[PDB]
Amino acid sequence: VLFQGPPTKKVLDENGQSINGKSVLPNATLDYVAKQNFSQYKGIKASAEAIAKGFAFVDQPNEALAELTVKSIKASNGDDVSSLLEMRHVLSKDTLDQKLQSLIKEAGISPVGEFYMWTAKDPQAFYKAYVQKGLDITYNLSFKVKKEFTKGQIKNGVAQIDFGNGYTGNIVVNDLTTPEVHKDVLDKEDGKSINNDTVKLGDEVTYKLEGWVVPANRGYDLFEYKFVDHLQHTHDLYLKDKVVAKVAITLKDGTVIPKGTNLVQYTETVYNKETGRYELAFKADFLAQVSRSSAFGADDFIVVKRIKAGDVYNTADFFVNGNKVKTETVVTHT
């Protein structure tokens, strides 16, 4: 063939836009669209011996990816061709039978690790119905990320073997960003840490919850950004909070919210004085307006008054798009 048709793969967000090279979160589903190209063979008169080598499609994820869901495998004519393909899932090429190891090896395809492969069950019928007609096959594939993969690049590649000839496609890539948050206890906002120190009965102290900075160049929009702090309300009387932008935030219309801006208008605070449960949550309609090309984050300052003697602990949980993480535990003594 004069003009070859190597396979391709894309990674798409929920709107169908490519998010190649962008970051995602631990709870992300990677939604890939892979193409096995046959349009180059339209009208070919392949030998019976060539056709007999069949048609294989390989997807090779890196170590980051966990369970695969095959959403669909469709020819460009709209046919569901999933029943015509044998699905194999191997931890190494060494577990394939010798026939298929020889096929991939002589095709020049040498997958490094664990991969998935789909082969035509009846190469002659598949050739007649799809390859010879030039009908490309689209694999809609979705993966979760392994819980143990907490940073680095997620990668997924494809290859195809047509009549025993191998073609390798592109490798899509996404960085996995695990959120992280911190807690400190201060004499006041912009003051000094007093963690592990003595606090005089009746003094105010301020908890600082350092939110995670959602990075620019992410492949998703924000819908949840919130802190839940369980105050030791037997000892700490909640007085008030303060939430501020920790980075300069650009919205989708181009508006800039400077670092240090008070963000209260975009949040809701609720405090249960019976339980000690404080929550500060960003509103979803606001979060929706942050540009994907903008970082975003906030710090929250909770001021309380010490109204009982003893050891007083604080910890907070942080949620971003359903991903929960915890701060340190801090303590003061009175």
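Numbering starts at 1 and follows the sequence shown.
Taking only CA atoms, the mean B-factor in the PDB entry is higher for 307 to 315 than for the other of 307 to 315 and 21 to 29. Annotation for 5 to 13 versus 321 to 329: the higher mean temperature factor (C-alpha) is found in 321 to 329.
In this entry, the residue among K74, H230, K183, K105 with the greatest C-alpha B factor is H230. When the C-alpha B-factors of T177, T250, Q101, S110 are ranked from the entry, the top spot goes to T250. Ranked by Cα temperature factor within the chain, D300 sits in the middle third according to the deposited record. Per-chain ranking of the deposited C-alpha B factor places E148 in the highest third. Ranked by C-alpha B-factor against the other modelled residues of its chain, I257 falls in the highest third.
Remark: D59 belongs to the lowest third of its chain, ranked by C-alpha B-factor as recorded. Split the chain's modelled residues into thirds by C-alpha temperature factor. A245 is in the middle one.
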